[PDB]
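To keep things clear, I will list the structure first and then write my remarks on it.
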Amino acid sequence: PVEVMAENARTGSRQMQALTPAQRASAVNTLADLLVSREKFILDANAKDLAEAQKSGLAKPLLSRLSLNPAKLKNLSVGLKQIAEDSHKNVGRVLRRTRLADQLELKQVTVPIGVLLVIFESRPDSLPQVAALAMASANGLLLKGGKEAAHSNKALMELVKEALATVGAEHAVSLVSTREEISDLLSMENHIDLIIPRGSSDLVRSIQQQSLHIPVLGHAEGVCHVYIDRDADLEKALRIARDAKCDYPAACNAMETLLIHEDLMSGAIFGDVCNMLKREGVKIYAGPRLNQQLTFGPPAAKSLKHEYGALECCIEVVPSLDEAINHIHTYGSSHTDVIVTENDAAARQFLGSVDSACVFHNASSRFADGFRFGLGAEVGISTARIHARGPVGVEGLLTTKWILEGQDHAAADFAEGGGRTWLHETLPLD
Ligand SMILES: NC(=O)c1ccc[n+]([C@@H]2O[C@H](COP(=O)([O-])OP(=O)(O)OC[C@H]3O[C@@H](n4cnc5c(N)ncnc54)[C@H](OP(=O)(O)O)[C@@H]3O)[C@@H](O)[C@H]2O)c1
């Protein structure tokens with residue numbers, strides 16, 4: 001039903017709130033180890049899932065993204081191991097700590113957020129990550145996955161609950177039914193704390209319309225960008241384009257725009273660019289500047305913003321770095337932006353100039369999924385300007401509290417006739 005889930009979440013919050021790290025650490029340890037042994041189960045489950053998906057036949061890249069292979073499995077295992085290793089100081093670690101007056105202390109401890117309602121596209125590999133995140137931050141979690149991996153989702157939840165069997169708190173993680181339950185649950189506020197819809201434009205809007213006294217954070221858009229200039233190895237440019245647009249064609253952070261310094265169009269590098277783009281079979285487009293530049297050129301574009309989410313692209317030429325920054329800040333979505341150059345001056349210039357959630361010099365637009373940032377398992381990427389930037393790791397799921405204990409103080413003791421005066425020194429935290 002509806003409020004039974006809410007009360008189970010509150011019970012999990014109360015339990016994990018009084019569960020010392022000794023419990024949850026071993027909990028995610030067993031989660032990993034059990035994900036290693038019984039993986040054949042979830043393997044065949046996701047096999048059936050992708051089989052029935054292909055039988056339905058939505059779209060080949062989507063079939064690739066909802067797929068699953070032992071490689072990602074071992075990667076998730078070692079990532080959760082890293083989390084468990086470095087999660088002993090999540091809830092309870094002090095951030096600030098001072099001493100205002102004589103015999104009066106003030107600190108700022110971390111604190112669980114409570115109940116989160118995460119929504120996310122099929123992406124069956126995420127469920128273990130997000131569940132490990134909740135179990136490691138000791139906050140109630142509700143789930144909702146795409147109907148595609150439904151069986152795989154249920155299997156993974158069987159896994160995480162057989163893991164929870166060692167701690168007894170069998171409620172902090174749950175599943176839900178179709179979006180009707182999601183609506184009626186988002187309605188019953190005063191029991192939820194955040195909503196993390198991992199990728200939905202219209203559904204970001206819908207949650208907003210249904211966000212009655214409840215915050216929202218996630219990512220609704222991901223238009224990345226790349227750039228090259230007169231001081232970059234052609235080979236590095238080629239292979240970076242390859243890595244960027246040919247690992248997960250349409251996951252979250254695949255670039256869909258190229259930018260070139262006009263003094264490199266004569267260098268025929270555009271030729272090899274299209275050569276490799278066609279060796280991978282990608283229908284490049286172009287916009288105003290290039291579409292004028294060439295004899296008659298590849299076909300025209302519509303809007304430099306439209307995300308395509310498949311083996312497509314767009315190429316424009318820019319007169320100068322200034323135009324590059326203007327173009328990025330005016331068309332991008334501050335998701336993840338790259339460059340390639342040898343002149344370190346232009347490098348730091350572009351780094352400090354652009355504003356995106358990620359900036360990269362001589363690297364790939366693919367390095368943004370938290371895991372490859374050594375952050376361990378994560379929930380998504382944040383485009384917004386509050387509470388996080390980029391991969392929302394653990395620390396993106398924790399807020400602060402001001403506990404303040406004294407002997408006998410008051411407000412007037414600091415007035416004109418008071419007997420104690422401020423110090424405002426920051427003692428070394430424990
Ligand atoms: N930035 C990128 O590179 C990139 C790439 C691919 C996808 N994405 C994001 O992922 C989305 C793709 O669609 P999706 O089906 O895969 O999203 P989803 O995570 O599967 O969410 C379920 C879908 O049901 C629909 N709906 C109506 N009411 C809903 C409710 N209360 N709760 C949940 N869903 C409700 C939503 O819109 P629909 O009916 O239209 O699905 C929603 O997309 C896109 O909107 C996009 O934001 C981003």
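How things are named: the first chain in the structure tokens is A, the next is B, and so on; residues count from 1 in each chain; ligands count from 1 in the order shown.
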Ligand 1 neighbours within 8 Å using only C-alpha atoms and all ligand atoms, as a PDB file with N, CA and C atoms, in the first residue's frame:
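What ended up in pocket.pdb:
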```
ATOM      1  N   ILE A 119      14.217   7.890  -8.165  1.00  0.00           N
ATOM      2  CA  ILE A 119      13.623   7.418  -9.404  1.00  0.00           C
ATOM      3  C   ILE A 119      14.737   7.356 -10.435  1.00  0.00           C
ATOM      4  N   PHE A 120      14.684   6.354 -11.306  1.00  0.00           N
ATOM      5  CA  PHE A 120      15.795   6.189 -12.231  1.00  0.00           C
ATOM      6  C   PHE A 120      15.365   5.317 -13.395  1.00  0.00           C
ATOM      7  N   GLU A 121      15.949   5.579 -14.564  1.00  0.00           N
ATOM      8  CA  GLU A 121      15.734   4.766 -15.755  1.00  0.00           C
ATOM      9  C   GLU A 121      16.233   3.347 -15.512  1.00  0.00           C
ATOM     10  N   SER A 122      15.940   2.423 -16.433  1.00  0.00           N
ATOM     11  CA  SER A 122      16.116   0.993 -16.198  1.00  0.00           C
ATOM     12  C   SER A 122      17.424   0.650 -15.490  1.00  0.00           C
ATOM     13  N   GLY A 145      12.191   1.585 -10.262  1.00  0.00           N
ATOM     14  CA  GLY A 145      12.946   1.320 -11.463  1.00  0.00           C
ATOM     15  C   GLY A 145      12.036   1.207 -12.677  1.00  0.00           C
ATOM     16  N   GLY A 146      12.660   1.244 -13.851  1.00  0.00           N
ATOM     17  CA  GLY A 146      11.912   1.022 -15.073  1.00  0.00           C
ATOM     18  C   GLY A 146      11.392  -0.402 -15.138  1.00  0.00           C
ATOM     19  N   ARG A 179       3.792   3.942 -11.669  1.00  0.00           N
ATOM     20  CA  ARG A 179       3.903   5.353 -11.318  1.00  0.00           C
ATOM     21  C   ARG A 179       2.695   5.898 -10.566  1.00  0.00           C
ATOM     22  N   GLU A 180       1.567   5.185 -10.562  1.00  0.00           N
ATOM     23  CA  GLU A 180       0.424   5.637  -9.773  1.00  0.00           C
ATOM     24  C   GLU A 180       0.774   5.670  -8.291  1.00  0.00           C
ATOM     25  N   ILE A 182       3.742   5.980  -7.192  1.00  0.00           N
ATOM     26  CA  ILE A 182       4.694   7.083  -7.073  1.00  0.00           C
ATOM     27  C   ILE A 182       3.958   8.395  -6.851  1.00  0.00           C
ATOM     28  N   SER A 183       2.886   8.617  -7.609  1.00  0.00           N
ATOM     29  CA  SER A 183       2.122   9.848  -7.463  1.00  0.00           C
ATOM     30  C   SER A 183       1.498   9.939  -6.079  1.00  0.00           C
ATOM     31  N   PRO A 197      15.379  11.929  -9.227  1.00  0.00           N
ATOM     32  CA  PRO A 197      15.028  11.310 -10.510  1.00  0.00           C
ATOM     33  C   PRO A 197      16.232  11.296 -11.438  1.00  0.00           C
ATOM     34  N   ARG A 198      16.825  10.117 -11.619  1.00  0.00           N
ATOM     35  CA  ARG A 198      18.057  10.021 -12.396  1.00  0.00           C
ATOM     36  C   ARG A 198      17.722  10.031 -13.887  1.00  0.00           C
ATOM     37  N   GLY A 199      17.343  11.213 -14.360  1.00  0.00           N
ATOM     38  CA  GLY A 199      17.231  11.498 -15.777  1.00  0.00           C
ATOM     39  C   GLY A 199      15.811  11.462 -16.292  1.00  0.00           C
ATOM     40  N   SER A 200      15.184  12.631 -16.355  1.00  0.00           N
ATOM     41  CA  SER A 200      13.826  12.758 -16.862  1.00  0.00           C
ATOM     42  C   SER A 200      13.461  14.220 -17.074  1.00  0.00           C
ATOM     43  N   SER A 201      13.249  14.668 -18.308  1.00  0.00           N
ATOM     44  CA  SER A 201      12.910  16.077 -18.476  1.00  0.00           C
ATOM     45  C   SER A 201      11.450  16.335 -18.122  1.00  0.00           C
ATOM     46  N   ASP A 202      10.537  15.726 -18.880  1.00  0.00           N
ATOM     47  CA  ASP A 202       9.116  15.860 -18.593  1.00  0.00           C
ATOM     48  C   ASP A 202       8.800  15.409 -17.179  1.00  0.00           C
ATOM     49  N   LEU A 203       9.530  14.418 -16.669  1.00  0.00           N
ATOM     50  CA  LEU A 203       9.224  13.930 -15.333  1.00  0.00           C
ATOM     51  C   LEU A 203       9.855  14.807 -14.257  1.00  0.00           C
ATOM     52  N   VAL A 204      10.977  15.474 -14.549  1.00  0.00           N
ATOM     53  CA  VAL A 204      11.403  16.565 -13.668  1.00  0.00           C
ATOM     54  C   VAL A 204      10.296  17.601 -13.549  1.00  0.00           C
ATOM     55  N   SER A 206       7.108  17.168 -14.035  1.00  0.00           N
ATOM     56  CA  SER A 206       5.956  16.592 -13.350  1.00  0.00           C
ATOM     57  C   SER A 206       6.184  16.516 -11.848  1.00  0.00           C
ATOM     58  N   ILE A 207       7.370  16.065 -11.435  1.00  0.00           N
ATOM     59  CA  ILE A 207       7.704  16.031 -10.015  1.00  0.00           C
ATOM     60  C   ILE A 207       7.643  17.434  -9.433  1.00  0.00           C
ATOM     61  N   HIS A 219      19.226  15.347 -12.616  1.00  0.00           N
ATOM     62  CA  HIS A 219      19.749  15.956 -13.835  1.00  0.00           C
ATOM     63  C   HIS A 219      18.742  15.726 -14.950  1.00  0.00           C
ATOM     64  N   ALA A 220      18.294  16.818 -15.571  1.00  0.00           N
ATOM     65  CA  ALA A 220      17.310  16.730 -16.641  1.00  0.00           C
ATOM     66  C   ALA A 220      17.948  16.811 -18.019  1.00  0.00           C
ATOM     67  N   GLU A 221      19.207  17.228 -18.099  1.00  0.00           N
ATOM     68  CA  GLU A 221      19.846  17.408 -19.393  1.00  0.00           C
ATOM     69  C   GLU A 221      21.332  17.132 -19.247  1.00  0.00           C
ATOM     70  N   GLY A 222      21.940  16.686 -20.342  1.00  0.00           N
ATOM     71  CA  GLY A 222      23.337  16.316 -20.304  1.00  0.00           C
ATOM     72  C   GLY A 222      24.166  16.659 -21.523  1.00  0.00           C
ATOM     73  N   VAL A 223      23.844  17.743 -22.223  1.00  0.00           N
ATOM     74  CA  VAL A 223      24.563  18.047 -23.456  1.00  0.00           C
ATOM     75  C   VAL A 223      26.007  18.375 -23.100  1.00  0.00           C
ATOM     76  N   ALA A 250      24.611   6.549 -25.491  1.00  0.00           N
ATOM     77  CA  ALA A 250      23.574   7.432 -24.967  1.00  0.00           C
ATOM     78  C   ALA A 250      23.314   7.190 -23.485  1.00  0.00           C
ATOM     79  N   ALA A 251      24.364   7.092 -22.672  1.00  0.00           N
ATOM     80  CA  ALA A 251      24.063   6.811 -21.275  1.00  0.00           C
ATOM     81  C   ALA A 251      23.688   8.066 -20.496  1.00  0.00           C
ATOM     82  N   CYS A 252      24.663   8.909 -20.160  1.00  0.00           N
ATOM     83  CA  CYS A 252      24.341  10.217 -19.601  1.00  0.00           C
ATOM     84  C   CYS A 252      25.274  11.309 -20.102  1.00  0.00           C
ATOM     85  N   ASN A 253      26.539  10.953 -20.319  1.00  0.00           N
ATOM     86  CA  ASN A 253      27.611  11.930 -20.442  1.00  0.00           C
ATOM     87  C   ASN A 253      28.355  11.822 -21.764  1.00  0.00           C
ATOM     88  N   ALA A 254      27.768  11.156 -22.750  1.00  0.00           N
ATOM     89  CA  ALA A 254      28.376  11.079 -24.068  1.00  0.00           C
ATOM     90  C   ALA A 254      28.258  12.435 -24.747  1.00  0.00           C
ATOM     91  N   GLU A 307      19.384  17.178 -27.549  1.00  0.00           N
ATOM     92  CA  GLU A 307      20.085  15.938 -27.262  1.00  0.00           C
ATOM     93  C   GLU A 307      19.532  14.816 -28.127  1.00  0.00           C
ATOM     94  N   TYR A 308      20.428  14.107 -28.812  1.00  0.00           N
ATOM     95  CA  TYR A 308      20.020  13.055 -29.733  1.00  0.00           C
ATOM     96  C   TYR A 308      20.004  11.676 -29.098  1.00  0.00           C
ATOM     97  N   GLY A 309      20.979  11.368 -28.250  1.00  0.00           N
ATOM     98  CA  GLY A 309      20.969  10.100 -27.541  1.00  0.00           C
ATOM     99  C   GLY A 309      21.102   8.886 -28.431  1.00  0.00           C
TER     100      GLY A 309
END
```
Can you pull out the residues contacting stretch 12-21 of chain A? Cut-off 6 Å, using only C-alpha atoms, and skip same-chain residues under 6 positions away; I want them as a PDB file with C-alpha atoms, in the first residue's frame.
```
ATOM      1  CA  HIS A  88      33.365   4.086   8.892  1.00  0.00           C
ATOM      2  CA  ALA A 138      21.756   5.158   7.360  1.00  0.00           C
ATOM      3  CA  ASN A 139      18.762   6.892   5.825  1.00  0.00           C
ATOM      4  CA  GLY A 140      15.444   5.469   4.704  1.00  0.00           C
ATOM      5  CA  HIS A 171      12.789  -2.085   5.740  1.00  0.00           C
ATOM      6  CA  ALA A 172      15.276   0.713   4.960  1.00  0.00           C
TER       7      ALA A 172
END
```
Residues within 12 Å of residue A:344, only C-alpha atoms, excluding chain neighbours under 6 positions, as number ranges by chain: A: 231-232, 350-351, 361-362
Spatial neighbours of stretch 101-114 of chain A, max dist 6 Å, only C-alpha atoms, sep filter under 4 positions, as a ChimeraX atom specification: /A:91-97,139-140,398-406,422-423
Now that the selection is made, can you save its residues with C-alpha atoms as a compact mmCIF listing (two decimals), in the first residue's frame?
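Below is the file result29.txt, written as the result:
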```
# COMPACT_ATOMS: atom_id res chain seq x y z
CA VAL A 91 27.53 9.78 10.15
CA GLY A 92 28.89 11.40 13.29
CA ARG A 93 32.11 12.97 12.01
CA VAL A 94 32.47 16.58 13.09
CA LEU A 95 33.00 19.26 10.46
CA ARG A 96 33.45 22.46 12.47
CA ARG A 97 34.19 22.77 16.17
CA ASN A 139 18.76 6.89 5.82
CA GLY A 140 15.44 5.47 4.70
CA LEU A 398 24.20 14.15 4.36
CA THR A 399 23.38 17.41 6.08
CA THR A 400 24.70 19.10 9.21
CA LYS A 401 23.48 19.76 12.74
CA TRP A 402 24.47 22.40 15.28
CA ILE A 403 24.72 20.84 18.74
CA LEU A 404 25.69 23.36 21.38
CA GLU A 405 26.21 22.56 25.06
CA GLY A 406 27.18 24.82 27.92
CA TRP A 422 33.36 36.13 22.74
CA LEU A 423 36.51 34.26 21.73
```
Identify, on the basis of only C-alpha atoms, every residue whose closest approach to residue A:262 does not exceed 8 Å; exclude the query and any residue fewer than 3 positions from it along the same chain; express the result as a PDB file with N, CA and C atoms, in the first residue's frame.
```pdb
ATOM      1  N   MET A 265      40.704  23.704 -39.907  1.00  0.00           N
ATOM      2  CA  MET A 265      39.900  23.146 -40.986  1.00  0.00           C
ATOM      3  C   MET A 265      40.736  22.930 -42.240  1.00  0.00           C
ATOM      4  N   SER A 266      41.744  23.777 -42.461  1.00  0.00           N
ATOM      5  CA  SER A 266      42.620  23.604 -43.614  1.00  0.00           C
ATOM      6  C   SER A 266      43.557  22.417 -43.426  1.00  0.00           C
ATOM      7  N   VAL A 317      32.513  25.170 -36.179  1.00  0.00           N
ATOM      8  CA  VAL A 317      33.840  25.758 -36.125  1.00  0.00           C
ATOM      9  C   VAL A 317      33.742  27.087 -35.397  1.00  0.00           C
ATOM     10  N   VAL A 318      34.746  27.367 -34.570  1.00  0.00           N
ATOM     11  CA  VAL A 318      34.754  28.596 -33.782  1.00  0.00           C
ATOM     12  C   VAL A 318      35.959  29.431 -34.163  1.00  0.00           C
ATOM     13  N   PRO A 319      35.766  30.739 -34.252  1.00  0.00           N
ATOM     14  CA  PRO A 319      36.865  31.626 -34.646  1.00  0.00           C
ATOM     15  C   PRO A 319      37.944  31.753 -33.585  1.00  0.00           C
ATOM     16  N   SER A 320      37.556  31.826 -32.315  1.00  0.00           N
ATOM     17  CA  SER A 320      38.534  31.990 -31.250  1.00  0.00           C
ATOM     18  C   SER A 320      37.979  31.435 -29.948  1.00  0.00           C
TER      19      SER A 320
END
```
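Ranking A:336, A:67, A:26, A:75 by their shortest atom-to-atom distance to residue A:49, with only C-alpha atoms included, puts A:67 first.
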Apply DSSP to the structure's backbone, then extract all residues of stretch 44-176 of chain A labelled helix (DSSP H, G or I) and return them as a ChimeraX atom specification. /A:44-56,60-66,70-85,126-137,150-164
Selected residues written out with C-alpha atoms, as a PDB file, in the first residue's frame:
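Generated file (part.pdb):
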```pdb
ATOM      1  CA  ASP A  44      20.197 -15.402 -15.717  1.00  0.00           C
ATOM      2  CA  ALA A  45      17.550 -12.987 -14.440  1.00  0.00           C
ATOM      3  CA  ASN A  46      18.900 -10.084 -16.478  1.00  0.00           C
ATOM      4  CA  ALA A  47      19.340 -12.555 -19.339  1.00  0.00           C
ATOM      5  CA  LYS A  48      15.601 -13.235 -19.329  1.00  0.00           C
ATOM      6  CA  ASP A  49      14.985  -9.500 -18.948  1.00  0.00           C
ATOM      7  CA  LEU A  50      17.045  -8.490 -21.978  1.00  0.00           C
ATOM      8  CA  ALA A  51      15.527 -11.407 -23.889  1.00  0.00           C
ATOM      9  CA  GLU A  52      11.972 -10.196 -23.317  1.00  0.00           C
ATOM     10  CA  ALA A  53      13.186  -6.646 -23.982  1.00  0.00           C
ATOM     11  CA  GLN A  54      14.572  -7.575 -27.401  1.00  0.00           C
ATOM     12  CA  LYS A  55      11.316  -9.446 -27.988  1.00  0.00           C
ATOM     13  CA  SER A  56       9.670  -6.081 -27.350  1.00  0.00           C
ATOM     14  CA  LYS A  60      19.442  -1.102 -29.773  1.00  0.00           C
ATOM     15  CA  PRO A  61      21.445   1.392 -27.647  1.00  0.00           C
ATOM     16  CA  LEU A  62      18.807   1.153 -24.923  1.00  0.00           C
ATOM     17  CA  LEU A  63      19.156  -2.625 -25.141  1.00  0.00           C
ATOM     18  CA  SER A  64      22.897  -2.194 -24.653  1.00  0.00           C
ATOM     19  CA  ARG A  65      22.444   0.055 -21.623  1.00  0.00           C
ATOM     20  CA  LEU A  66      19.901  -2.227 -19.955  1.00  0.00           C
ATOM     21  CA  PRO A  70      30.295  -9.819 -15.357  1.00  0.00           C
ATOM     22  CA  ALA A  71      32.758  -6.953 -15.906  1.00  0.00           C
ATOM     23  CA  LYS A  72      30.474  -4.311 -14.408  1.00  0.00           C
ATOM     24  CA  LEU A  73      29.642  -6.886 -11.734  1.00  0.00           C
ATOM     25  CA  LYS A  74      33.230  -7.200 -10.529  1.00  0.00           C
ATOM     26  CA  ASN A  75      33.572  -3.423 -10.795  1.00  0.00           C
ATOM     27  CA  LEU A  76      30.525  -2.851  -8.588  1.00  0.00           C
ATOM     28  CA  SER A  77      31.898  -5.440  -6.162  1.00  0.00           C
ATOM     29  CA  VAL A  78      35.237  -3.690  -5.757  1.00  0.00           C
ATOM     30  CA  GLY A  79      33.525  -0.295  -5.612  1.00  0.00           C
ATOM     31  CA  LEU A  80      31.225  -1.349  -2.794  1.00  0.00           C
ATOM     32  CA  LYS A  81      34.310  -2.804  -1.126  1.00  0.00           C
ATOM     33  CA  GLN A  82      35.957   0.622  -1.357  1.00  0.00           C
ATOM     34  CA  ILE A  83      32.858   2.245   0.142  1.00  0.00           C
ATOM     35  CA  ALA A  84      32.684  -0.229   3.030  1.00  0.00           C
ATOM     36  CA  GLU A  85      36.389   0.365   3.624  1.00  0.00           C
ATOM     37  CA  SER A 126      22.543   1.199 -10.373  1.00  0.00           C
ATOM     38  CA  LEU A 127      20.298  -0.551  -7.799  1.00  0.00           C
ATOM     39  CA  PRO A 128      23.234  -2.122  -5.912  1.00  0.00           C
ATOM     40  CA  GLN A 129      25.068   1.213  -5.895  1.00  0.00           C
ATOM     41  CA  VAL A 130      22.120   3.233  -4.590  1.00  0.00           C
ATOM     42  CA  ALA A 131      21.203   0.601  -2.002  1.00  0.00           C
ATOM     43  CA  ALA A 132      24.795   0.517  -0.776  1.00  0.00           C
ATOM     44  CA  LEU A 133      24.718   4.312  -0.547  1.00  0.00           C
ATOM     45  CA  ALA A 134      21.577   4.292   1.594  1.00  0.00           C
ATOM     46  CA  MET A 135      22.784   1.424   3.790  1.00  0.00           C
ATOM     47  CA  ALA A 136      26.063   3.289   4.289  1.00  0.00           C
ATOM     48  CA  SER A 137      24.491   6.650   5.138  1.00  0.00           C
ATOM     49  CA  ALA A 150      11.688  -5.454 -13.331  1.00  0.00           C
ATOM     50  CA  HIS A 151      12.708  -9.069 -12.745  1.00  0.00           C
ATOM     51  CA  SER A 152      16.367  -8.105 -12.393  1.00  0.00           C
ATOM     52  CA  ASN A 153      15.324  -5.409  -9.928  1.00  0.00           C
ATOM     53  CA  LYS A 154      13.390  -7.958  -7.879  1.00  0.00           C
ATOM     54  CA  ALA A 155      16.350 -10.338  -7.927  1.00  0.00           C
ATOM     55  CA  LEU A 156      18.775  -7.640  -6.798  1.00  0.00           C
ATOM     56  CA  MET A 157      16.362  -6.711  -4.025  1.00  0.00           C
ATOM     57  CA  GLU A 158      16.301 -10.357  -2.976  1.00  0.00           C
ATOM     58  CA  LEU A 159      20.092 -10.066  -2.832  1.00  0.00           C
ATOM     59  CA  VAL A 160      20.133  -6.900  -0.724  1.00  0.00           C
ATOM     60  CA  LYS A 161      17.496  -8.280   1.630  1.00  0.00           C
ATOM     61  CA  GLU A 162      19.287 -11.597   2.098  1.00  0.00           C
ATOM     62  CA  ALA A 163      22.187  -9.319   3.010  1.00  0.00           C
ATOM     63  CA  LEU A 164      20.030  -7.318   5.437  1.00  0.00           C
TER      64      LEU A 164
END
```
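When atom CA of residue A:33 is paired with atom CA of residue A:378, their separation reads 19.2 Å.
All residues of protein, DNA or RNA that reach within 9 Å of residue A:393, judged by only C-alpha atoms and not counting those fewer than 6 positions away in the chain, are residues 133, 370, 375, 376, 377, 378, 379 and 380 of chain A.
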Requested write-out: N, CA and C atoms of the selected residues, as a PDB file, in the first residue's frame:
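Result saved to result-v8.pdb:
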```pdb
ATOM      1  N   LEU A 133      24.638   2.933  -1.018  1.00  0.00           N
ATOM      2  CA  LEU A 133      24.718   4.312  -0.547  1.00  0.00           C
ATOM      3  C   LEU A 133      23.784   4.545   0.631  1.00  0.00           C
ATOM      4  N   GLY A 370      31.157   8.927 -11.269  1.00  0.00           N
ATOM      5  CA  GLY A 370      31.469   8.739  -9.872  1.00  0.00           C
ATOM      6  C   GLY A 370      32.504   7.663  -9.640  1.00  0.00           C
ATOM      7  N   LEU A 375      35.343   8.196  -6.150  1.00  0.00           N
ATOM      8  CA  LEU A 375      34.300   8.487  -5.179  1.00  0.00           C
ATOM      9  C   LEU A 375      33.538   7.243  -4.756  1.00  0.00           C
ATOM     10  N   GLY A 376      33.793   6.104  -5.384  1.00  0.00           N
ATOM     11  CA  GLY A 376      33.016   4.925  -5.096  1.00  0.00           C
ATOM     12  C   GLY A 376      31.675   4.983  -5.802  1.00  0.00           C
ATOM     13  N   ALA A 377      30.738   4.187  -5.301  1.00  0.00           N
ATOM     14  CA  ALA A 377      29.418   4.141  -5.906  1.00  0.00           C
ATOM     15  C   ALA A 377      28.683   5.454  -5.687  1.00  0.00           C
ATOM     16  N   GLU A 378      27.830   5.800  -6.642  1.00  0.00           N
ATOM     17  CA  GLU A 378      27.169   7.092  -6.634  1.00  0.00           C
ATOM     18  C   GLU A 378      25.723   6.902  -7.071  1.00  0.00           C
ATOM     19  N   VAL A 379      24.981   8.008  -7.130  1.00  0.00           N
ATOM     20  CA  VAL A 379      23.560   7.991  -7.435  1.00  0.00           C
ATOM     21  C   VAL A 379      23.263   8.621  -8.787  1.00  0.00           C
ATOM     22  N   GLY A 380      23.977   9.677  -9.136  1.00  0.00           N
ATOM     23  CA  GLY A 380      23.772  10.334 -10.405  1.00  0.00           C
ATOM     24  C   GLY A 380      24.748  11.472 -10.563  1.00  0.00           C
TER      25      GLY A 380
END
```
Strand (DSSP E or B) call set, DSSP backbone run, stretch 108-325 of chain A, as an MDAnalysis selection string: chainID A and resid 108:112 115:120 140:142 194:198 225 258:261 283 286 300 312 315:318
Just want the 6 Å neighbourhood of residue A:116, counted on only C-alpha atoms, with same-chain residues fewer than 3 positions away dropped. Output as a VMD selection string. chain A and resid 141 192 to 194
